[PDB]
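Chemist: Residue numbers (the entry's author numbering), protein chains in the order written: chain A, 21 to 174; chain B, 21 to 174; chain C, 21 to 174; chain D, 21 to 174; chain E, 21 to 174; chain F, 21 to 174; chain G, 21 to 174; chain H, 21 to 174.
Number of protein chains: 8
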Amino acid sequence: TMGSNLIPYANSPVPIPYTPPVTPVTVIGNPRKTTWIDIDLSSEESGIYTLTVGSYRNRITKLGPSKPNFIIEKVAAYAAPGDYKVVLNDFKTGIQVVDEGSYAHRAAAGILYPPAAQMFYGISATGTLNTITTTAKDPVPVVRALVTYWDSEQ
Amino acid sequence: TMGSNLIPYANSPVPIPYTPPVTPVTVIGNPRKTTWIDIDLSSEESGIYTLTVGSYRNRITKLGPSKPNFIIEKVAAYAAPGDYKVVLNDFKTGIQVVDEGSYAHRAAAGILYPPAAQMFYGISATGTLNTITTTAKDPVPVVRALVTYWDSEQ
Amino acid sequence: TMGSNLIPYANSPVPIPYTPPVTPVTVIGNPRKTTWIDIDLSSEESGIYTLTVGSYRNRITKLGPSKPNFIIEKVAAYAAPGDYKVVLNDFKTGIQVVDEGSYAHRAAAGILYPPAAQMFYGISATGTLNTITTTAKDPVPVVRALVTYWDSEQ
Amino acid sequence: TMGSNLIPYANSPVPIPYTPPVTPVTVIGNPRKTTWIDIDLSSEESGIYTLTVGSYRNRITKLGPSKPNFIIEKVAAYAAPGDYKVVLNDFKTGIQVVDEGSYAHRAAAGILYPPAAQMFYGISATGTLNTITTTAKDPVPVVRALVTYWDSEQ
Amino acid sequence: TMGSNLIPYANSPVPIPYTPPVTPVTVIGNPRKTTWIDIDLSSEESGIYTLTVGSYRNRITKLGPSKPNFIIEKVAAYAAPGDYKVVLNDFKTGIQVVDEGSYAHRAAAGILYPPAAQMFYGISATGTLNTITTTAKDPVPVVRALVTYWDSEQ
Amino acid sequence: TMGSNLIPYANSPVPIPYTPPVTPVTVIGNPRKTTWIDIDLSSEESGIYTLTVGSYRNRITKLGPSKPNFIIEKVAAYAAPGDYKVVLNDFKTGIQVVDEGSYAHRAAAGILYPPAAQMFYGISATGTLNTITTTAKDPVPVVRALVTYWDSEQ
Amino acid sequence: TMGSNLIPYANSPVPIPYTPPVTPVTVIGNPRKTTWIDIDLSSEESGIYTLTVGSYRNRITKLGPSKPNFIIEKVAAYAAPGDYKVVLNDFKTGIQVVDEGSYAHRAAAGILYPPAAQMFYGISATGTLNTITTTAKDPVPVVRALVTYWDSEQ
Amino acid sequence: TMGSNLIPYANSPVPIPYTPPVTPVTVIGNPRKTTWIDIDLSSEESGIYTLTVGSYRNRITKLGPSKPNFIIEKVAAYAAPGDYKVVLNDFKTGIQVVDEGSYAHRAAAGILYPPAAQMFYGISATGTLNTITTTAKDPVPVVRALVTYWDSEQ
Ligand SMILES: [Ca+2]
Ligand SMILES: [Ca+2]
Ligand SMILES: [Ca+2]
Ligand SMILES: [Ca+2]
Ligand SMILES: [Ca+2]
Ligand SMILES: [Ca+2]
Ligand SMILES: [Ca+2]
Ligand SMILES: [Ca+2]
Ligand SMILES: [Ca+2]
Ligand SMILES: [Ca+2]
Ligand SMILES: [Ca+2]
Ligand SMILES: [Ca+2]
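Structure below.
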């Protein structure tokens, strides 16, 4: 069941011997993980919430790595649930998305980065990546991002 | 293709907007990864190489986590390729495996831990888990282990 | 026919009410357009016609955007229809294409940029991209390029 | 795959030559784009929000064109999500739509312009097109409009 | 058989006339070739063998080009056949692979660069790309790399 | 997809490890390439344009090799597009081809060398291979040749 | 029937007009012909009849060409019909064939030259190609040869 | 493959013996060849270009025979590619063909001689066969003729 070659498999508190392959497995020292994350977005009175590389990086250090490398496949910004507008933006290209929402279906603006737009951000990389703009005197928006992070240290 | 709901997908250096779900995704703060690892096994003149929890832990810190939790699903010990014997052992139960090998098919002894034998080892856990015994005046053996590690810090 | 949910559709000078979706549509603030363009190529006595980023950009400002971003998917250079040669070149890689033509089938040299060769050129980007070389004392060649342009200003 | 006639297609950072058509492509100097837009609607104490041609035009200049031409295929007005009423109107014909809504399904009034009702608005055109009427002392409504805009300058 | 349009094809020491196409073929001045290469790796007492861009370039000049451009699709490092370990690494990302091997199946660590990880290296590019780490006092490892090289000079 | 044996393939800027074959690949140090070329043919007032081995060789050095070996599989000579005649000839055998053409279908004379007529020309080889004869006071003809070139230096 | 495009074909002493192709046919100035020949073989008292290149050439001048090029695909030597032996030989390789025959089935020795053994003999080529050996005081043998001859003069 | 009766056929530089037929092949001393030819047509200010038997004969001596016999199966006259007229004529019968052409499809007038109109022309035959008439002050026309020539000398 789990590669039991010698004796029958049976879930029990007692292990099971097996014959592993003739050759040790090829090992990946710094593996990768694709997973959604949540970003804090401390309140801003300007109404403009800037997503830097430091932001994603510091939020990715809370998933385990200390000095992470990452890429971004998607970014969704959700406003507060009320009658609010959120404007998501890619700082380099200029792609701009808008959505207005109600209390049930809150505002949702997403940008999607194809493999040719995906950019690798190291520990020395900085700069602004995405920018969120809500009307001033509004709650803080909700940001979700699909990243592929991995350890840098070899 | 990648969840493009608004415009057609096309791999290019320019991102693609999309409509994310009505609800943010459920996020796992400390994810898990099942992967084989390799353990150093500094030379021992007794011929006996003890695998403690500190060993697996220190080798799992090199995969990214600083204070990891882990379990073990398998352990394979491979001797040097020559005419040598390796004896693998589970210290608690007493399961003992032996193999002798030639230069092509090197010695290979594996123990397999079913879900009821899998034990969760935290950062405060210690003790001896596995013990490898080779004849004295022999090369250091090769240890492969399938672990499921994850961050502990919340 | 056009999303008429309330009353029947009928083309007439009188509009038709409808029920739009529960949620406003996700809006793309700076949309993209993939389209062929034509570049002027002022006469050169050297016989060498250099295509800079400023060239494509100034020719893309005539499609509407003032400060455009763009990528290039293809470049075809066509010589004059007579007995002439055109040499197209990518300045960075070094890819070089040649064609000789007659009065019916004029010379045609094309370079094709796959998604990994497509490069994003902003408003601060400059440099030479493509180079066309015709024999001196020849008519000006004809350049066609498939670009994906979009507004930069957010 | 992308019109590769000479060599096989392979996504890589290196372009691909190809044979373009015998004749250059027919070029459209001022292309068109059909897309939804969002209109600001500065607060009004009368409760009546007038949509002029200048409104749509100024909101369409933010999509890239400086002096745009446009037509309108649809107009949806959404009120605030609470217990509110929105009245949408075509100023010329007199078509009037009403909807009352709750916090989940917010008020939604749409007018739909068939090809015989679609009117071309230039840069010299003015006048009132649509009129929205909400009860005084109410939030500003949300307007979505499907336009087909294009550059005017030749 | 080989495009014989005038007379029948027959392999003989006498050529065969034919009617070539109406238009000369489109010519690629600097063609590309994807092929595996072998890198020398002069002995190092540190046990660490650094693969720079100069390394691949100098090994690619022996395939014919003088000033080559190239990309890398794969890198496999093979240790000596004995009881040895090889650690392959991508210097930028941090991907790390390990393998231990016997006399028959020698150690083999490979990294694979997808089209979005493939990077174009010119004649002015430098820096470290891959790093191999073997225990000190060990034989030199064996490096195989799939490159797509092409001439730069136009 | 590209030989990914360890993890799933996904085009991204992050490489993919893999298990290469048990044995390094057999490497070809001086590879071959079959491709059409174009030859300059400086104007001649005699009306006779002689194609030596030096001609093909110097035109093949512009494809990358410095000291190339080559064979010839085909030779097509195209005259100017007007009302002209071209006479192609193999200097050794005596095969002679003629064509007259109009402005649309320009003159085209081709000779085709089967594998028994294909001759290997080294860097010490010289002599006349093909001879083109156009009426004096005529434009220079266009020569296309399918060669299989390869590096000589070992 | 014979390419009659204008009027119906009818064999009669009156020609038939037709529309020839848009382009004149590609012309072969020195055509080739594969045909068997017969060689005189003036009597020799040694019993040995040497076939030089001059022999085949002089016998091929009687088929029309003055300065011919040729290759050889086969050589059959037939002895006199009585009780005689013929020995055919290739002078370069050393291939030797023997046959003895009766009055009905006369001696027949053939050598067959595959496309890699076929050699092109020009007007400057000389040397011995084939050698026939009959017992002294015997009639002259009969030689048949399949040649591919063509004019050399361009 | 090529009549190999003794040993297997294999293309190699080494010949192959075979058993030829019991009887030598029947030999044709002066073979025939049907092939198109091109005729020079020195410029004429009258605008009338007369095709004698000497013309075809002298143009057929350049295909190899010195004193040839021939017949004619077809004659196509092509004018210059511009706006010109060509009139082809059979001098004996009186058949007259006309065509006017443009720059793409040049003028083309053909006469076709069925087997009863085909006439055998020896080395003593003379006279006018075909006559071409173009307007004076025009380029020289292009004549193609399908002949069946053969050696006369026995
Ligand atoms: Ca690491
Ligand atoms: Ca269990
Ligand atoms: Ca954690
Ligand atoms: Ca890509
Ligand atoms: Ca914009
Ligand atoms: Ca315009
Ligand atoms: Ca080059
Ligand atoms: Ca051959
Ligand atoms: Ca070489
Ligand atoms: Ca000749
Ligand atoms: Ca007849
Ligand atoms: Ca004869």
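All C-beta atoms in this analysis are idealised placements derived from N, C-alpha and C, irrespective of residue type, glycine included.
Return the residues of the region 46 to 64 of chain G that lie within a Cβ-Cβ distance of less than 7 Å from chain E, sorted by chain order.
Modeler: From the region 46 to 64 of chain G, only 46, 48, 52 have a Cβ closer than 7 Å to chain E.
Chemist: Please report how far the alpha carbon of residue 8 of chain B lies from the alpha carbon of residue 90 of chain B, in whole angstroms.
Modeler: The requested residue 8 of chain B is not part of the displayed model; chain B covers only 21 to 174.
Chemist: Have a look at the DSSP bridge pairing and note the partners of residue 54 of chain D.
Modeler: Residue 54 of chain D is bridged to D:168.
Chemist: Mapping the DSSP letters down to three states, classify residue 61 of chain F as helix, strand or coil.
Modeler: In this structure, residue 61 of chain F counts as coil in the three-state DSSP scheme.
Chemist: Closer than 8 Å, CB to CB, is residue 103 of chain E near chain B or not?
Modeler: Taking Cβ atoms only, chain B reaches closer than 8 Å to residue 103 of chain E, which makes this a yes.
Chemist: Examine the Cβ distances between the region 103 to 114 of chain C and the region 127 to 138 of chain C and report whether three or more of them are shorter than 8 Å.
Modeler: Yes, the region 103 to 114 of chain C is in contact with the region 127 to 138 of chain C.
Chemist: Would you give the residue range spanned by the alpha helix (DSSP H) that residue 76 of chain A belongs to?
Modeler: Where residue 76 of chain A is concerned, the enclosing alpha helix (DSSP H) stretches over 73 to 80.
Chemist: Any heavy atom of ligand 10 closer than 7 Å to the CB of residue 82 of chain H?
Modeler: Result yes, Cβ under 7 Å from ligand 10.
Chemist: At a cut of 8 Å, does the region 46 to 56 of chain G reach the region 32 to 47 of chain E through at least three beta carbon pairs?
Modeler: Result yes; three or more Cβ-Cβ pairs closer than 8 Å.
Chemist: Can you tell me which of the three DSSP states residue 83 of chain E falls into?
Modeler: Reduced to three states, the DSSP call for residue 83 of chain E is helix.
Chemist: Near residue 69 of chain C, which residues of its chain fall below 6 Å by C-beta distance, leaving aside the five closest residues on each side in sequence?
Modeler: Excluding sequence neighbours, residue 69 of chain C sits near 61, 152.
Chemist: Run the proximity test for residue 142 of chain G: is its beta-carbon closer than 7 Å to any non-hydrogen atom belonging to ligand 10?
Modeler: False, no ligand heavy atom lies under 7 Å from that Cβ.
Chemist: At the 8 Å Cβ level, is residue 120 of chain A part of the contact set with chain C, yes or no?
Modeler: Output row for residue 120 of chain A: interface = yes.
Chemist: List the residues of chain B whose Cβ lies closer than 9 Å to the Cβ of residue 135 of chain C, in chain order.
Modeler: What residue 135 of chain C touches in chain B: 30, 31, 32, 33.
Chemist: Nearest CA to the CA of residue 92 of chain B: which residue from B:147, B:159, B:139, B:38?
Modeler: If we check each option's Cα against that of residue 92 of chain B, B:139 comes out closest.
Chemist: Determine the burial state of residue 118 of chain B: buried for a count of at least 16 other Cβ atoms within 10 Å of its Cβ, exposed for fewer.
Modeler: By the 10 Å Cβ count, residue 118 of chain B comes out exposed.
Chemist: Could you spell out where the beta strand (DSSP E) holding residue 8 of chain C opens and where it closes?
Modeler: Residue 8 of chain C lies beyond the range of chain C shown here (21 to 174); nothing can be said about it.
Chemist: Taking the alpha carbon of residue 95 of chain B as the point to measure from, which residue in B:112, B:74, B:143, B:56 has its own alpha carbon closest?
Modeler: Measuring from the Cα of residue 95 of chain B, the nearest candidate turns out to be B:56.
Chemist: Taking residue 73 of chain D and residue 146 of chain D to be in contact with their CB atoms under 8 Å, please state how far apart those CB atoms are, rounded to whole angstroms.
Modeler: At roughly 5 Å, the Cβ-Cβ gap stays under 8 Å, so residue 73 of chain D and residue 146 of chain D are in contact.
Chemist: Taking a cut of 8 Å between CB atoms, which residues from the region 136 to 168 of chain A lie near chain F?
Modeler: Against chain F - using a Cβ distance shorter than 8 Å - the residues of the region 136 to 168 of chain A are 138, 139, 140, 168.
Chemist: What residue from H:25, H:159, H:38 has the CA that sits closest to residue 165 of chain G's CA?
Modeler: Residue 165 of chain G has its Cα closest to that of H:38, out of H:25, H:159, H:38.
Chemist: Any idea what DSSP makes of residue 88 of chain C, helix, strand or coil?
Modeler: Residue state, collapsed to three classes: strand.
Chemist: Nearest-angstrom Cα distance between residue 71 of chain F and residue 84 of chain H?
Modeler: Cα to Cα, residue 71 of chain F sits roughly 25 Å from residue 84 of chain H.
Chemist: Measuring only from the beta carbon, is residue 31 of chain A closer than 7 Å to any heavy atom that is part of ligand 2?
Modeler: Yes.
Chemist: For the beta strand (DSSP E) containing residue 37 of chain A, list its first residue and its last residue.
Modeler: From DSSP, the beta strand (DSSP E) with residue 37 of chain A extends over 36 to 38.
Chemist: Run the proximity test for residue 50 of chain C: is its beta-carbon closer than 7 Å to any non-hydrogen atom belonging to ligand 5?
Modeler: At least one heavy atom of ligand 5 is nearer than 7 Å to the Cβ of residue 50 of chain C, so yes.
Chemist: So which of E:101, E:115, E:120 has the shortest CA-CA distance to residue 44 of chain A?
Modeler: Measuring from the Cα of residue 44 of chain A, the nearest candidate turns out to be E:120.
Chemist: For residue 26 of chain F and residue 46 of chain A, which I take to be in contact (beta-carbon distance under 8 Å), what is that distance rounded to the nearest angstrom?
Modeler: With 8 Å as the limit, residue 26 of chain F and residue 46 of chain A qualify as a contact, their Cβ atoms being about 6 Å apart.
Chemist: Kindly indicate the opening and closing residues of the beta strand (DSSP E) around residue 109 of chain G.
Modeler: Per DSSP, residue 109 of chain G belongs to the beta strand (DSSP E) from 104 to 110.
Chemist: So, using beta-carbon positions, are residue 87 of chain C and residue 173 of chain C closer together than 8 Å?
Modeler: Yes, they are a contact pair.
Chemist: Does residue 75 of chain C come within less than 8 Å of chain A when only Cβ atoms are used?
Modeler: So, not an interface residue.
Chemist: Please tell me whether residue 124 of chain F has its Cβ less than 8 Å away from any Cβ of chain I.
Modeler: Protein chains in the displayed structure are A, B, C, D, E, F, G and H, and chain I is not among them.
Chemist: Hey, is residue 91 of chain G's beta-carbon within less than 8 Å of any beta-carbon in chain E?
Modeler: Answer yes: the Cβ-Cβ gap between residue 91 of chain G and chain E drops below 8 Å somewhere.
Chemist: Restricting to Cα atoms, I'd like to know which of C:122, C:112, C:59, C:100 is closest to residue 102 of chain F.
Modeler: Residue C:122 is the option with its Cα nearest to residue 102 of chain F.
Chemist: Just the chain A side, please: which residues come within less than 8 Å of residue 69 of chain B by C-beta, in chain order?
Modeler: Correct list: empty, because the minimum Cβ distance to chain A is about 16 Å.
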